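Enquirer: Residue numbers (the UniProt record's numbering), protein chains in the order written: chain A, 5 to 187; chain B, 9 to 273; chain C, 1 to 287; chain D, 630 to 640; chain E, 3 to 72, 89 to 270; chain F, 53 to 93; chain G, 26 to 233; chain H, 17 to 38, 61 to 275.
Think of the CB as a built atom: it goes at the ideal place given N, C-alpha and C, for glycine as much as any other residue.
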Amino acid sequence: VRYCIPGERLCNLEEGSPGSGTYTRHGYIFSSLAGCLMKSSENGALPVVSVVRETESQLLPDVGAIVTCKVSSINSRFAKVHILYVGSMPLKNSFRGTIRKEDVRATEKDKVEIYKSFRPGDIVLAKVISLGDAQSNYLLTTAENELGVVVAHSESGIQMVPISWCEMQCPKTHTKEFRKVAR
Amino acid sequence: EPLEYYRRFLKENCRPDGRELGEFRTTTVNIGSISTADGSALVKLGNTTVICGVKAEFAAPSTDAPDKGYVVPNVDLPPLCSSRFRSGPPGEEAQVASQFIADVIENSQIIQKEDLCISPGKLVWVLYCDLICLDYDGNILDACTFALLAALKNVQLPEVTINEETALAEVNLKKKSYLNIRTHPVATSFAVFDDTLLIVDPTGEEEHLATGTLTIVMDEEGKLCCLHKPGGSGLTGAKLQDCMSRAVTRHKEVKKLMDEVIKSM
Amino acid sequence: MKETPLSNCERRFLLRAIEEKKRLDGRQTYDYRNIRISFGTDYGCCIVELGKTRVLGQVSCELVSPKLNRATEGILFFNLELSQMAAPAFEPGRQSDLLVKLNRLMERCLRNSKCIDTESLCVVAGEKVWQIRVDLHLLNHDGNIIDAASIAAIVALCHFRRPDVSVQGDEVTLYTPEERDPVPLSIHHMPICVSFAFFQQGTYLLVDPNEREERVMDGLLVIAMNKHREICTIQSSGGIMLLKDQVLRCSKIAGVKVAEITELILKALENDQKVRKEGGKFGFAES
Amino acid sequence: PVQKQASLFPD
Amino acid sequence: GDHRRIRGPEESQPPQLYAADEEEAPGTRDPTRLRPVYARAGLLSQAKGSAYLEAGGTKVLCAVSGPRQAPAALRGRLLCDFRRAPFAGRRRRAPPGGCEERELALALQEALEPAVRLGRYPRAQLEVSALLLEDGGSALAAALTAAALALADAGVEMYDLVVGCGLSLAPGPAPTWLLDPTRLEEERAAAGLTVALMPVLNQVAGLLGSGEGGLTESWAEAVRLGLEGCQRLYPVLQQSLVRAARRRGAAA
Amino acid sequence: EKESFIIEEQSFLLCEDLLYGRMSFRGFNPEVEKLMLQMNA
Amino acid sequence: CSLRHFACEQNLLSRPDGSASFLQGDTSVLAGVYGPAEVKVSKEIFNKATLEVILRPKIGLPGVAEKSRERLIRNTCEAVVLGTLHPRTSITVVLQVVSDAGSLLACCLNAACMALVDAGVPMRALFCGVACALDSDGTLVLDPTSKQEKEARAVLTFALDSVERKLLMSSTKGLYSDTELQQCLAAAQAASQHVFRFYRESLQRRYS
Amino acid sequence: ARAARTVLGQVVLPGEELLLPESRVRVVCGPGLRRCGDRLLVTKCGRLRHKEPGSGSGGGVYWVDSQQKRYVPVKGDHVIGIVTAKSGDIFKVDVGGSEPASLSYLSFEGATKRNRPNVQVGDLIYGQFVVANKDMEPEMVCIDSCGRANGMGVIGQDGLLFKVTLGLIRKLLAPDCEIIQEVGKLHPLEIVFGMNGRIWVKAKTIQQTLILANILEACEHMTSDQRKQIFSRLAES
């Protein structure tokens, strides 16, 4: 174990290659961060050196993921969300995703309707597909019956229970709201 | 799911940090850390931090009260405190806190403006007390008041004289004189959740997700200088007498601290 | 926020009703709306409301070191504020063009016309002189301001009274309104503006336009006048091509209009003084 | 250069 | 009158100008000397990265509010706000400033842009905020070093660190270049200078100077001397960063 | 087997009966006159 | 009575949504409300209406004290006003001090409430504002006059609610004690009862 | 907190809770009411009012006849609008609320890609909402569900569009109004009432239109004197 510094060299190119958090100058590699270095080794025997600030080391929500999020804004077209838990490990770097209109139910019917599936201020979980290019807009999908809304607060302040596929109700009083209930 | 996550601790008579809903965090000070200034005081409550520098200058008084040496506070919440502030002029919180500090200075009467007149009608001191926040983890008013008081005790001023031949005044930066302060106002904060739950010294999040806030300044001789109650879910005197008691306790504690410090110099 | 847009229907209807010489509420072109002048309790406050446009005016005094170029005469500080209650668009620091033009126009009109006596209000020539500021506030915005702002500033500056002062050598002694009777100001002549609005490049002209008429107008001619037929200011805005006879006629109109407004103002002040000389802290005049 | 101790931010 | 701060007096002059004395002069010392330095990174909590540096009466903070959305056009930015506390220096100045704060801000930006690599931080602006709690000599150099520490702490990428150093000129008959001076040696001075470099690749990043006088050779000697000083200072900052990283590893 | 006992509405129609907005009096746009005859019963 | 003749008037101004002139004795405030309207993505917040208060006197410019006071009013209204109904919109409350004769906040609050009413804005409960002045002798006075505020050692503005007569806001000048605070608070509650009776009378005569 | 039946014609003020009698019978909470548990909180000053359906099972309905100016996008309300702009397929129209509503180029009666409607900026419209909610921008349409514009679409031109209070409309559209009936005898006309306080009127000449608009914006509290005065004026036009 050794902590490095944004100026110190680490190794010749003949003794390693830059993986991340580094750069190269004439016949040498040079760190670029205050953190811990590590030289991994492939079966090829040529090491890959890298430097990491393990405070928030790295996370990556891949395609076949299951990520929770919070519904902030909505429209007849799409509903935007914020990423909180990628699996079960939270990430203070809250990424921002989107859910399309048709990409809401496995049946893919156009009859779907956002205001009857989602509402602003409720938590869902979905599957990412596209990372995005400019703003890294994750596009999430809920084309599955064990997906979508899990917790949802009532008209004003009550938490409801998922009775059926597109129904939810508050336990104190009685009122049938409409969502894309999960499971 | 922050609020829910927080009620869980609240109902276990605790907090997610290890405080028993009625106690503060590690309070510390440092006096005389700075030479360029007449008075200097650093205060920090765990992560929260504040620093007061009080400079002394000359100025001409008004016509309604020639024998009044001005005391001008100004609070600065620069962007390095928290990200909720941006490079530019002062926002709203800085200005409110400034007016709070000034209201205190004027009502507690810790200092007699008359004790700052050299030659009435002609000269009088002006104490520019500049406070600066450096970590806004919460409860910045208590820290500001306490640091102000500390530095305003540290401050020792020179002595000046008047010469009729020259018709001007001269200073003696060698000899000096401390500054008499009568009252020792301490501030105690509170955060009121939905109806009846009052937490003391609320940090950042606890103030973000709260229904109301409260602050109370409690002079030593069983009196109050300010009851800052900006909005809230409401309160009855029964949820207020308890806060006043706790404020008296905090007064005792911080006054002991400040005495120990000024005596350890 | 923003002002709701104007439909082509309303625009065309207005233009046509102008063509046919028909206003909306039911008045002619050479007519103002019922202007009311109401007073407050403190000498120097006046609420003047023409139709729906209400404007408040306060007058305050101070003693200060004068400016070297003029060590004999005092100072005067105008200011007009467009309160967000006047209309939505009047956010702070956004509608700055309107503020600038109104304030410059009012300053010009009153100050440079020498309406009051900046000399009478001297106390110590070189050290301490008076300082009269006047704060106008726009409360409701329905149409014509300049007229309202001016009537307000004038009613105030004619319904204001200074704390009396005694002097000997350099010894100056101020006193309170309860120890002596405050002294009024010194006016020479009361000017008040008059606003004409041009429609269809100059063909039609209206007086005291409402808000819609201001939205479908291309040009605005302000003319300041007295009861003695003395042009104090005139201004053309809106990027419009007028002529000579137009300004001549508009001036011959402003004459009568200002005469009448002045009669009213004087009546209002008379009634307020009469009331206070009988028990009562108000004064009211109606067009 | 040798170091010192924090007159202001001791730990 | 400012309507965002408390109503104070119009003008206010300090008492020193009304004093009557010949202030004390420092005298003699080892010209190639450096003051004792206390540099620690990781002071502040609510900030992604912060640093604190003390050298004599000099006391400086710096914080880094990290990337905040706002090729050669999709290239990062960093805007720096230098700011001296109103309770530093013999005289008081209102918080705003507008004369030298902005000059020193430009200096910091011109000395940081090289070290920092902004290709890896596109469409982003790093808000660097320096604060000078007490002035006791070389200030701009302390600010460069503190901003460098804060950046390296927040974990922004770089090429090398930034080390500053301030020099002055003795107005004596035999004028010698005084290294890392005090506010007294700096107000009783003829010329002043400030170097800042990246010691690994040995490249200046931003310098500055001024003079009641001088000449080519003198300025050159000053430059090289400041370079040597910065070299001799680098290890302190190195150890500080290592220490902060160890404390982070300990916390988790 | 439960059902809501009170429901939140914000429409003045269920609340209160109202005629058809667009109308006409003795001649203008007889189409609106037949609309009146139709929708107001 | 223990407090002084005080009247009000609704729907004065044509351009703003709701307006109210509230005067007591010789202090007179004027409030104008712009109901749920636009708001830019910077000022807004989901699931809540942004309430913004701007208070401006009739002399000089607004500085700091008025900003503090308008924060107080802002948070009081956020306490009573419902905003989970009208998210992503802005309610705006403009206050103008036609006259100043002490008991200022006790007038601004009442005017704000009446304006909010006239604008048909969904409120959870009315609120009111009173002011009690403790002279040196302890003799308190409700709805004081500027003379009484200058000749006194403490002044206390209390913003109360109507449902359960709690304490929504408290702004104090001077220095006072505990028992005095409690008793002046009780007197404030009685005064608030009277003010609420007055509101009901005014609205009864408005809907007639 | 008492006797919903005893205050069905009295002035209720916000904060007031009122409760209703009973196993029970379903009821509905009006616009100016709100539900707190099994009680009704009031949110707006108003002369309370009640109604019951001709049957005996419906229970009842409650509300407050609150007067005001600002409008809120509600569902199933006929509303005038002012096209503010067009973005590609959909063009945004103003209503007088928080934000501008949206139409679709194929919602008007009989329109497709090869047959677009004639809507120009500044044009005024008479539509109704199909999604009016606090969480989503409101979309409106100028066509009944069956597929025919039963009076909807663009208004037209050559008229006066003014604005009045909402309670004034809620009253005028009543089948027992006297003013709007008496006007059908003096001179003809044709007018659109929009539930957003916005009214459109047309007649043959313009003097008549102006007299009519003034009447309407004043008819809330007109005196018999002014009443017959303006009636005589219309008779003399």
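What ranges does the beta strand (DSSP E) occupy inside the stretch 203–249 of chain H, keeping only unbroken runs of at least 3 residues that lie completely in it?
Expert: 227–232, 236–240
Enquirer: Counting only Cβ pairs nearer than 8 Å, list the residues of chain K close to E/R264.
Expert: Going by chain labels, chain K is absent from the structure shown, which instead holds the protein chains A, B, C, D, E, F, G and H.
Enquirer: Find the nearest neighbour of B/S116 within the set B/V83, B/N147, B/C60, B/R190, judged by alpha-carbon distance.
Expert: As a position in the second sequence, residue 116 of chain B is number 108, starting the count at 1. Minimum Cα distance to B/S116 is reached at B/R190.
Enquirer: Check the Cβ of C/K22 against every Cβ in chain H and list those closer than 7 Å, keeping chain order.
Expert: Within the third sequence, residue 22 of chain C is the residue found at index 22, counting from 1. Ordered by position in chain H, the residues that pass the 7 Å Cβ test against C/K22 are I244, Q245, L248.
Enquirer: Which value, in whole angstroms, describes the spacing of the CA atoms of B/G40 and B/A49?
Expert: To locate residue 40 of chain B, count along the second sequence from 1; it is residue 32. To locate residue 49 of chain B, count along the second sequence from 1; it is residue 41. One C-alpha to the other measures close to 6 Å.
Enquirer: What does H/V27 touch in chain G if you count any residue whose Cβ is under 8 Å from its own?
Expert: As a position in the eighth sequence, residue 27 of chain H is number 11, starting the count at 1. Per Cβ cutoff of 8 Å: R225, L228, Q229, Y232.
Enquirer: Opposite H/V169 in the DSSP bridges: which residues?
Expert: In the eighth sequence, the residue the question calls residue 169 of chain H occupies position 131. BP columns for H/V169 point to H/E177.
Enquirer: Considering Cα atoms alone, identify which of B/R94, B/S90, B/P86 is closest to E/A103.
Expert: In the fifth sequence, the residue the question calls residue 103 of chain E occupies position 85. That would be B/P86, whose Cα lies nearest to the Cα of E/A103.
Enquirer: Which ranges would you report for the beta strand (DSSP E) in the stretch 221–269 of chain C if only whole runs of at least 3 residues count?
Expert: For the stretch 221–269 of chain C, whole beta strand (DSSP E) runs of length 3 or above, ordered along the chain, are 233–237.
Enquirer: Can you tell which of C/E263, C/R33, C/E171 has the C-alpha that lies nearest to the C-alpha of C/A125?
Expert: Along the third sequence, read from residue 1 onward, the residue named residue 125 of chain C stands at position 125. Residue C/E171 is the option with its Cα nearest to C/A125.
Enquirer: Between which two residues does the beta strand (DSSP E) holding H/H116 run?
Expert: Locating residue 116 of chain H in the eighth sequence gives position 78, counting from the first residue. Its beta strand (DSSP E) spans residues 116–125.
Enquirer: What residue does the alpha helix (DSSP H) around E/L187 start on, and which one ends it?
Expert: Here residue 187 of chain E corresponds to residue number 169 of the fifth sequence, with the count starting at 1. Premise fails: E/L187 lies in the beta strand (DSSP E), 181–187, not in any alpha helix (DSSP H).
Enquirer: Exposed or buried, B/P97, counting other C-beta atoms within 10 Å across all chains shown (16 or more means buried)?
Expert: Here residue 97 of chain B is taken as the residue at index 89 of the second sequence, counted from 1. Exposed, since its Cβ has fewer than 16 Cβ neighbours within 10 Å.
Enquirer: With 7 Å as the C-beta to C-beta threshold (strictly closer), list the residues of the stretch 133–157 of chain E near chain B in chain order.
Expert: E145, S147, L149, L151, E152, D153
Enquirer: Along the chain, where does the alpha helix (DSSP H) containing residue 310 of chain E start, and where does it finish?
Expert: An answer regarding residue 310 of chain E cannot be provided, because it is not within the stretch 3 to 270 covered by chain E.
Enquirer: B/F66 versus chain E: which residues are under 7 Å apart at the beta carbon?
Expert: As a working mapping, residue 66 of chain B is identified with position 58 in the second sequence. Here the neighbours are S14, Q15, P17.
Enquirer: Looking at the C-beta of H/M233, does it have a partner C-beta in chain A at a distance below 7 Å?
Expert: Position 195 of the eighth sequence, counting from 1, holds the residue named residue 233 of chain H. Look at H/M233: its C-beta is not under 7 Å from any C-beta on chain A.
Enquirer: I want to verify the contact list: residues of chain D whose CB lies under 7 Å from the CB of B/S41, in sequence order.
Expert: One-based indexing of the second sequence puts residue 41 of chain B at position 33. Those are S636, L637, listed as they occur along chain D.
Enquirer: Should E/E145 be labelled buried (16 or more other beta-carbon atoms within 10 Å of its own) or exposed?
Expert: Residue mapping note: residue 145 of chain E aligns to position 127 of the fifth sequence, counting from 1. It is buried - the Cβ of E/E145 has at least 16 other Cβ atoms within 10 Å.
Enquirer: If we count the other Cβ atoms within 10 Å of its Cβ and call it buried at 16 or more, is E/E56 buried or exposed?
Expert: In the fifth sequence, the residue the question calls residue 56 of chain E occupies position 54. Buried.
Enquirer: Is it right to say A/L50 is buried, meaning 16 or more other beta carbons lie within 10 angstroms of its own, or is it exposed?
Expert: The residue you call residue 50 of chain A lines up with position 46 of the first sequence. With fewer than 16 other Cβ atoms within 10 Å, it is exposed.
Enquirer: Does the count of Cβ pairs from the stretch 58–77 of chain G and the stretch 136–147 of chain G closer than 8 Å reach three?
Expert: yes
Enquirer: Helix, strand or coil: which one does DSSP assign to A/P166?
Expert: Position 162 of the first sequence holds residue 166 of chain A. The DSSP-derived three-state label of A/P166 is strand.
Enquirer: Below 8 Å on the Cβ atoms is my guess for C/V155 versus C/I265; work out the distance and round it to an integer in Å.
Expert: Numbered from its first residue, the third sequence carries residue 155 of chain C at position 155. Numbered from its first residue, the third sequence carries residue 265 of chain C at position 265. At roughly 6 Å, the Cβ-Cβ gap stays under 8 Å, so C/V155 and C/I265 are in contact.
Enquirer: Can you tell me which of the three DSSP states E/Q143 falls into?
Expert: In the fifth sequence, the residue the question calls residue 143 of chain E occupies position 125. In this structure, E/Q143 counts as strand in the three-state DSSP scheme.
Enquirer: Nearest by alpha-carbon distance to A/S76: which of A/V132, A/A156, A/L135 is it?
Expert: Taking the first residue of the first sequence as position 1, residue 76 of chain A is located at position 72. Of the residues A/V132, A/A156, A/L135, the one whose Cα lies closest to the Cα of A/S76 is A/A156.
Enquirer: Can a CB atom of chain E be found closer than 7 Å to the CB of B/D75?
Expert: Position 67 of the second sequence, counting from 1, holds the residue named residue 75 of chain B. Output row for B/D75: interface = no.
Enquirer: Can you tell which of C/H137, C/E214, C/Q28 has its C-alpha closest to the C-alpha of C/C45?
Expert: Here residue 45 of chain C refers to the residue found at position 45 of the third sequence. Nearest option by C-alpha distance: C/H137.
Enquirer: Cβ closer than 9 Å: which chain H residues qualify as neighbours of A/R123?
Expert: The count along the first sequence starts at 1 and reaches residue 123 of chain A at position 119. Result: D173.
Enquirer: Below 8 Å on C-beta distance, what does H/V169 contact in chain A?
Expert: Along the eighth sequence, one-based indexing puts residue 169 of chain H at 131. Ordered by position in chain A, the residues that pass the 8 Å Cβ test against H/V169 are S80, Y119.
Enquirer: Which residues in the same chain as H/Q246 place their Cβ atom closer than 8 Å to its Cβ, once the five residues preceding and following it in sequence are excluded?
Expert: Within the eighth sequence, numbered from 1, the residue matching residue 246 of chain H stands at position 208. Around H/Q246: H225, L227, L272, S275.
Enquirer: Going along chain D in order, which residues have a C-beta closer than 7 Å to the C-beta of residue 2 of chain B?
Expert: With chain B represented from 9 up to 273, any question about residue 2 of chain B goes unanswered, as that position is not in the structure.
Enquirer: Over the uninterrupted beta strand (DSSP E) stretch that includes C/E49, give me the two end residues.
Expert: Stepping through the third sequence from its first residue, residue 49 of chain C is reached at position 49. Start and end: 45–50.
Enquirer: Taking beta-carbon pairs under 7 Å, can you tell me which members of the stretch 171–182 of chain E lie near chain A?
Expert: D171, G173, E175, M176, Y177, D178, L179
Enquirer: Using a Cβ-Cβ cut-off of less than 8 Å, give me the residues of the stretch 66–78 of chain G that come near chain A, in sequence order.
Expert: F71, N72
Enquirer: Using a Cβ-Cβ cut-off of less than 9 Å, give me the residues of the stretch 240–259 of chain E that come near chain A, in sequence order.
Expert: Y252, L255, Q256, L259
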